[PDB]
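Encoded as structure tokens, the structure appears first; notes follow it.
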Amino acid sequence: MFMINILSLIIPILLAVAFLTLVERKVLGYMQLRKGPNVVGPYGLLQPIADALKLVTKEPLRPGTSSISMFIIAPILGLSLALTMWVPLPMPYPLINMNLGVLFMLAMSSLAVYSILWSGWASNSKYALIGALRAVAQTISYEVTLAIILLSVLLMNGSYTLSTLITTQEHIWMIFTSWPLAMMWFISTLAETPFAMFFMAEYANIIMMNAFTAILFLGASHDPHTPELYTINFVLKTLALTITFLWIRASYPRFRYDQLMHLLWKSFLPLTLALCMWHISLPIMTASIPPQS
Amino acid sequence: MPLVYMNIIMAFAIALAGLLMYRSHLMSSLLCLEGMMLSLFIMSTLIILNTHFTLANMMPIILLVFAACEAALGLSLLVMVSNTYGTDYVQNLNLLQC
Amino acid sequence: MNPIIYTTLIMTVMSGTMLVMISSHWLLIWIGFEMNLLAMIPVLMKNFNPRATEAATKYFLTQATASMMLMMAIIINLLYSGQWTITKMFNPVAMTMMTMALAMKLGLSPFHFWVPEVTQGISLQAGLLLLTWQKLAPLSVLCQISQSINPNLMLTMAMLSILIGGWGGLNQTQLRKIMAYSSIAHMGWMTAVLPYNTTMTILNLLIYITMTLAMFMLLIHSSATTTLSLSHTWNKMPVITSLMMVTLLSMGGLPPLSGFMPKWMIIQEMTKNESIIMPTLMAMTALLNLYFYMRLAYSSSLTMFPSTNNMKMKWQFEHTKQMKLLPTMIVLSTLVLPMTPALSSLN
Amino acid sequence: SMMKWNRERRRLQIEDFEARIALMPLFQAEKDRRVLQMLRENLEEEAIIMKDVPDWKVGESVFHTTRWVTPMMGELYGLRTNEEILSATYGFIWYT
Amino acid sequence: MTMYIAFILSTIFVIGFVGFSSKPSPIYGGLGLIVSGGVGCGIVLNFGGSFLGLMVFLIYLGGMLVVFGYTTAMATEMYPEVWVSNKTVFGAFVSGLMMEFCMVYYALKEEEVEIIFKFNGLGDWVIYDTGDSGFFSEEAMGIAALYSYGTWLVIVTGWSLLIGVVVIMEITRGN
Amino acid sequence: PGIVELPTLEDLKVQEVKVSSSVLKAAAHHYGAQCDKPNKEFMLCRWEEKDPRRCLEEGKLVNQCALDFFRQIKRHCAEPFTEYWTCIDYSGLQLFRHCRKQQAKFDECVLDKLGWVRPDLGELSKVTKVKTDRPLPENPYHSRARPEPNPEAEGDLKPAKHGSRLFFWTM
Amino acid sequence: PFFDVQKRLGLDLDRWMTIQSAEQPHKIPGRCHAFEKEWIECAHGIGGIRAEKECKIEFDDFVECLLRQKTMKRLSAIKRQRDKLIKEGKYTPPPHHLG
Amino acid sequence: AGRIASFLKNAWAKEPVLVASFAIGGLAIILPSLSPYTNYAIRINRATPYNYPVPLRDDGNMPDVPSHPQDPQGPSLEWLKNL
Amino acid sequence: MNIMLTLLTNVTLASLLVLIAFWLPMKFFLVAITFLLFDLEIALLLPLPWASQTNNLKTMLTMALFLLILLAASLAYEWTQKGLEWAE
Ligand SMILES: CCCCCCCCCCCCCCCCCC(=O)OC[C@H](COP(=O)([O-])OCC[N+](C)(C)C)OC(=O)CCCCCCCCCCCCCCCCC
Ligand SMILES: CCCCCCCCCCCCCCCCCC(=O)OC[C@H](COP(=O)(O)OCCN)OC(=O)CCCCCCCCCCCCCCCCC
């Protein structure tokens, strides 16, 4: 029945990808004195169905100067990635308990840059070429802060096994030991994230990033007998983070590129190095090095 | 010596031959370059893991981290030769006739 | 380049070469070659002229190709013996594979087409580094594995290098091309004796090295880039051409001018190994190097050449460079033939 | 708080390791019998299958030295169901 | 049979190399190389190289090859070429397939060909040992010893990387 | 090139312990305490002899004492054994953390019924000596004869006869 | 090395990893540790010329362990006749072989 | 005094980031050889037994090693128990 | 067996969705190199969590700190000599 478990994950995540959009528009709506989708079905419950089947009935126009092969495989990778990093999440018990789950999460999430890079190239337009160039450099700039934060975070965890994160936190949320890193981590997650697909690809990244941040910094207690306790806690924590993720979507003017690079390489990277230096010696400092096994 | 072991070996040979003759593009030439180290990284990895050389697992990652110094310098040369001549085309590298 | 940046750049080039000569592990050897390449390119790209960019690209492509081709040979050795030491390799394919990779980085066999061009585009001062210091590390490795070398392959590399070294230099006018083709011919001379005796290779190394700085740095002091430009040196600096001519005569290998010392000992050592057709051929074609050596010597000091009116201006001013190590390099490269039994010191 | 909890985990890990140490020798004897049983079965099959060959007497020592080479995974199982090879060879690597 | 995992990934690695070794478009060569890099991880992972394999996916795939995509996009030749643009690309593609067809078919039939090395070889599943790693991942302990037994490999590796920075800015400075 | 000696199937017949891993780990701590000498001498054979075929009778003893160790805990408080190992088996990592009361319900028999004590931290990890009949192997690696080292140069240095002896160079 | 500076000052730069039977972390052994130990110990203080011929069986056995070549072909011809024998129904695998 | 206090004021006014990272790195690289716990850290690291403690051949006069894991002889882990 | 099975079905649903979708109806290169050089430095300091449990931890602390000091130096150099500042 293991295959059934995959569909018991991919589809609801796909629906979860579908259904937080109404949350977004109504949160973004009610924020600006507005109402959000509330006329199509009760409180816009059927609004996601109101757009999806319309989109699939819309003809997918293709640019004349577009390489079809790349134009159709770039979304293939984009969706394939966006629904793959959901598999090793230590949600109650992960589908895959890869001993190197954190590395697998990073390598495969850093692969998303290919989709946007190919989309700009395959589209073959002046707008698409720069937009791909801007998006990728913004993205490829920000794994170095991503990797260091996660690396330095995991010194006090014990290994890259994502299931071990629960044991590490247990007593207190792990933010209380690395809250300078949490703001370091959370901000970096904002910027790293056919056309019908591209909704799904980046969007699962939005929730999973917050799901990834949820387990990493704000853990829960996984009772061996009853697993529903971790389920509710995990969902509630990743909902609060995502609401915050859209809380800041309509609360700041968007970053400009020169500051976007300046913010990292001159005010985020050097501080990330110091915290990593702080969190590499502190387990040694207090003889609190964790067990890998 | 298993079938796969020399599936990398020929892959290195094909990558070497691809780098040993240029068609028209310096980027494509560079692609065969770190392709050769990929098989080189790959080939070393099977040897060390198969032989349980518990201390040689160092070598693969530093094989990659040092092949990068070639690559990083590699394109950075090309960006120079593709901004004076404009094109990465390698037939424009004959200005040193005499 | 900021002098502090340039000094550290040279410093790691020497460190990269030095690491090669002092590393037992095969992997560390490839690291030393990697660091040497990593910092050789910026030195060539110091003038920032298109010829330099051309030369650096050619040098990088052939050196990086041989570097990872070298790395492949080590892995095969690991594949067949599980070793990492430099004592004697255990796979005949790896023997040729690395011999090809090591040799290409010296530019002697058909793997030499970069050497004339890479030194041509880059500046004269950086050329001294390329043809003197970048030629010890690959030679250092070759001496260490001289036990397992394949004589049939290696001597074919020597014959071609000397033949191409003389023939190529005959047709060149740019004195940078003259030096590289002479350097290739000298490289074939030293490279022929590794299967027989590594010590004679070393002696050929120091004598060839000192000779190259003697010629190159004298060329620096004269500030000349062509044979015609070198011709005018007699009017401004008559002395410079006087020693420069005697260096050319020694470079040919005419006794008692030292520089005949390596060729003499190289012939003698191969003769002890019952190889007697081989010494004769290289010795006979060694005269080919002498022809363009005399040709360069002819139109610099032996016969004065039509100077220029503006040359009178140069007489009034004086050189500012302190030409460090130039004098003792000339003497050490022109009079040390009587002190040949110092061969025992190298052993 | 992390200092106190982490040391608690280290005390937990060594106790877990203590269980593994105290319980390892039984499997060493068990794995010892298993491979020797599997080798003896392979040689017994060899003494049933291969007679027509000119000179391939059973149980030739591939290694010159009279030591005990650790049996390499191939001739260990070798002549078994392809599922057995797949489970024995990859197994742990694929169990995830 | 999942036993085909023996050769399936390795032969895909070969055709991945022939894809870009035949000099297709630099974007296409990147596609061919990352595909080979992607399947190359499978061989390492099937051998136990989780940490080493994922690093290829990290720096080789998400790193090295991305900056190649950056440079190639910057070049943006006025007329990008396709795998059909030159028949030589297809000619090499059919050629590279033919040599691997010869090797594989020779491997599957006689198992004793003599190209360069002795060749030989059955399914790769043999060469594994029958030992156990206990509680320590043999790979992880190997690379963790970088800071313990390799305190000299680190210095030369680190020093070159900093020197790697100085050279990069020195030759791209542009005067 | 040599007979690969292999003991027959008849000698390879032990009373194999038919217990799962969780029950093994639950009683592992007390197993090591009260049955060290079988295991201690067997693995000394495994490390000294360095040959599986050389260590078979000791392989008989370790399993036999395991059965001898697994009989009294059946005879005395089999039921507390069940509850402990049925909770240990639940854990995917066999975590001893979420088994404390059931652990207490185990060792209080052996404290008073069998007179055993739960080993403390780092007790079974102690390296220990063993008194065994087994003689020290003459060459565990089956080393053959050794090559004769090259003779060492003897006699003091003397001046080189007639100097350099390099062509006409006399001294 | 060409210049054994590490020999003079007596500090280990690259000898920790040069062979597989060194002080491996946590004493995890190499696969051919036993054979390499014999080959190294046989070929010590003998010189490359003499040791290459004298300690030959040590190197050959260690090479076979390192490469898994000769006994692999022993297995290859094991299966070769098996497929060439059971196919025409000359013999049937026993129950333990079947599983 | 005057120069340094102004300089830190000069630093910490316009930019707090680099002075924060320099400080955090400063403690992170000085403090290692200050506290009496890095010796504790290496001791529990050595305490964790990965491989088996292979026994030694008993032939008399080694009172250090025990004849039983319950014996008082040999190393004592009680220091970590309160640690 | 399990891993690629999850990958296979993931792309397959990605395949079926897109198939019915299109059938039913100098500065930029500069930092990209610096990121490359930095990223390779990241891989060097990745195995740290296992390295924290070595027996030679005293030499680990100096060595592991050495990378971060040296890596920061590359950033510090790149910043000072114009460079890392967004070029034009
Ligand atoms: C013993 C103690 C050891 C550890 C001590 C650690 C040091 C002391 C604490 C340092 C400061 C706190 C940690 C670092 C924080 C970032 C530092 C930094 O660069 O700031 C200035 C940076 C840059 O500010 P700037 O660009 O104006 O100025 C920087 C300095 N100069 C001018 C020189 C460049 O601030 C930002 O980047 C602004 C925010 C950008 C993102 C926009 C969305 C923000 C959303 C905020 C609300 C949500 C927060 C969620 C948090 C996570 C929840 C899970
Ligand atoms: C192996 C075979 C021979 C090989 C070498 C052959 C060398 C000669 C031929 C070279 C080939 C080219 C042809 C000649 C070209 C000469 C070009 C030249 O520069 O000529 C002019 C030049 C001008 O010299 P000028 O600067 O005026 O200085 C004069 C001294 N004040 O003239 C000069 O610069 C010459 C200056 C001569 C200075 C020599 C000083 C000697 C001092 C000897 C002291 C002895 C002390 C004895 C003590 C005894 C007791 C202990």
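Here the Cβ positions follow ideal geometry from the backbone for every residue, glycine too, while neighbour counts run over all protein chains shown. Computed from the coordinates by the stated procedures, all read-outs in this text should not be read as laboratory data.
Among the residues of F:38-44, the average count of other protein chain beta-carbon atoms within 10 Å of the residue beta-carbon is 6.
Entry note, the stretch A:54-148: relative contact order of 29 percent, from Cα contacts under 8 Å with a spacing of 6+ residues. Here chain G is treated with +1 on each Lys and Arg Cβ and -1 on each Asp and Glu Cβ, and its dipole about the Cα centre works out to around 760 debye. Projecting the Cα atoms of E:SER10, E:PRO24, E:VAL156 onto the dipole axis of the stretch E:5-173, where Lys and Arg carry +1 and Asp and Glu carry -1 at the beta carbon, places E:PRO24 farthest toward the positive end. Listed cross-link partners C:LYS135/C:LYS177; A:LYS266/I:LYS82; A:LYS126/I:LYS82; G:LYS7/G:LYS53; A:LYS237/A:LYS266; C:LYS177/C:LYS236 are compared with a 22 Å cut-off, the Cα-Cα value being larger for A:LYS126/I:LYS82; G:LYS7/G:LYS53; A:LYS237/A:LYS266; C:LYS177/C:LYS236. Remark: the stretch E:147-158, residue by residue, has Karplus-estimated 3J(HN,Hα) of 7, 10, 9, x, 6, 10, 4, 5, 4, 5, 5, x Hz, where x stands for each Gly or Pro and the curve is 6.51 cos²θ - 1.76 cosθ + 1.60 at θ = phi - 60°.
Only the Cβ atoms of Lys and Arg (+1) and of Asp and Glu (-1) were treated as charged; on that basis the dipole of the protein assembly as shown about its Cα centre amounts to roughly 3320 debye.
Peptide G:71-84 is shielded by partner chain Cβ atoms: per residue, an average of 6 of them sit within 10 Å of its Cβ. Once the Cβ-Cβ distance of G:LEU98 and C:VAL93 is raised to the sixth power relative to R0 = 56 Å, the FRET efficiency obtained is 0.85.
Of all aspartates and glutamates in the structure, the ones whose alpha carbon falls short of 19 Å from that of C:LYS58, not counting any fewer than 8 places away in one chain, are B:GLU34, B:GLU70, B:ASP88, C:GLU34, C:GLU117, E:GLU170.
Spacing of the modelled spin labels on A:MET3 and A:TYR252, each 7 Å from Cα toward Cβ, amounts to 4.6 nm. Which of G:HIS33, G:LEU98, G:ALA77 sits closest to the plus end of the dipole of chain G, meaning its Cα is farthest towards the positive end, when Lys and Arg get +1 and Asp and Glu get -1 on the C-beta? Sorting the options by dipole projection puts first G:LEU98.
Each eigenvalue of the Cα gyration tensor of the stretch B:3-92, multiplied by 5 and square-rooted, gives one semi-axis; in descending order these are 31, 16, 5 Å.
Which of C:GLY165, C:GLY82, C:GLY253 moves the most in a Gaussian network model of chain C with Cα springs under 10 Å? Checking each option, the largest mean-square fluctuation is seen for C:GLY82. Residue by residue, the stretch D:80-88 carries 3J(HN,Hα) couplings of 10, 4, 4, 5, 4, 5, 4, 5, 6 Hz when phi is fed to the Karplus relation 6.51 cos²θ - 1.76 cosθ + 1.60 (θ = phi - 60°); x denotes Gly or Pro.
Taking a cut-off of 19 Å between Cα atoms, list the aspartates and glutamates near D:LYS4, but don't count ones fewer than 8 places away on the same chain. Here the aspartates and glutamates satisfying the reach criterion relative to D:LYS4 are A:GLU170, D:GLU15, D:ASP16, H:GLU78. Shape analysis of the stretch E:25-175 based on the Cα gyration tensor places the equivalent ellipsoid semi-axes at 33, 32, 14 Å, largest first.
As a length-normalised measure over Cα pairs under 8 Å and 6 or more apart, the relative contact order of the stretch E:1-73 settles at 29 percent.
Just so you know, the averaged projected area of the alpha carbon convex hull for the protein assembly as shown sits at 66.4 nm². P(r) for the stretch C:1-149, please, calculated from all Cα pair distances in 5 Å bins and given in %. Cα pair-distance distribution for the stretch C:1-149, in percent: 2, 10, 19, 23, 19, 12, 8, 5, 2, 0.
Local charge for A:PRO37 was computed over the other residues whose Cβ lies under 15 Å away, with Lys and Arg +1 and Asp and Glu -1, and equals +3.
Spatial offset of the stretch C:273-310 relative to the stretch F:65-143 amounts to 89 Å, using the alpha carbon center of each. Could you state, as a whole-number percent, how many of the C-alpha pairs of chain F are farther apart than 28 Å? Looking at chain F, the distances longer than 28 Å represent 50 percent of pairs. Each principal axis of the Cα cloud of the stretch I:1-81 was taken in turn, and the coordinate range along them, longest first, works out to 62, 43, 11 Å. Placing +1 on the Cβ of every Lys and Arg and -1 on the Cβ of every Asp and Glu, with nothing else charged, gives chain A a dipole about its Cα centre of roughly 940 debye. Summing +1 for each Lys or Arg and -1 for each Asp or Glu among the other residues whose beta-carbon sits under 14 angstrom from that of C:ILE5 gives +1. Here is how the number arises for the protein assembly as shown: DSSP H runs of 4 or more residues each give -39500 (n - 2.57), the sum is divided by the residue count, and the result at 222 nm is -20500 deg cm²/dmol. Backbone geometry of the stretch A:254-269 corresponds, through the Karplus equation with coefficients 6.51, -1.76 and 1.60 at θ = phi - 60°, to 3J(HN,Hα) couplings of 6, 4, 9, 4, 4, 5, 4, 6, 4, 4, 7, 6, 10, 9, 10, 4 Hz, x marking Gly and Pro. A simple spin-label model places pseudo-atoms 7 Å from Cα toward Cβ; at H:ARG57 and C:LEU302 they are separated by 8.3 nm. If you take all other residues with their beta carbon under 12 Å from the beta carbon of E:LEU162, and give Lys and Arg +1 and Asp and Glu -1, the sum is -2. Derived value for the stretch D:12-77: Kirkwood hydrodynamic radius 14.8 Å. Basis is the mean of 1/r over every pair of different alpha-carbon atoms. A crude spin-label estimate for the pair F:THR8 and A:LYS54, with each label 7 Å from Cα along the Cβ direction, gives 8.6 nm. Counting beta carbons within 10 Å around each of D:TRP56, A:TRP118, C:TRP315 and listing the fewest first gives the order C:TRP315, D:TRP56, A:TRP118.
Apply 1/(1 + (r/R0)^6) to the Cβ-Cβ distance of H:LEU83 and A:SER221, taking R0 = 25 Å, and write down the FRET efficiency to the nearest 0.05. Taking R0 as 25 Å, the efficiency between H:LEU83 and A:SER221 is 0.45.
Its relative contact order, with pairs defined as Cα atoms under 8 Å and 6+ residues apart, puts the stretch E:5-173 at 21 percent. Among G:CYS42, B:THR54, A:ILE76, pick out the residue whose Cα is farthest towards the positive end of the charge dipole of the protein assembly as shown, where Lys and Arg carry +1 and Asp and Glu carry -1 on C-beta, about the Cα centre. So the residue we want is A:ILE76.
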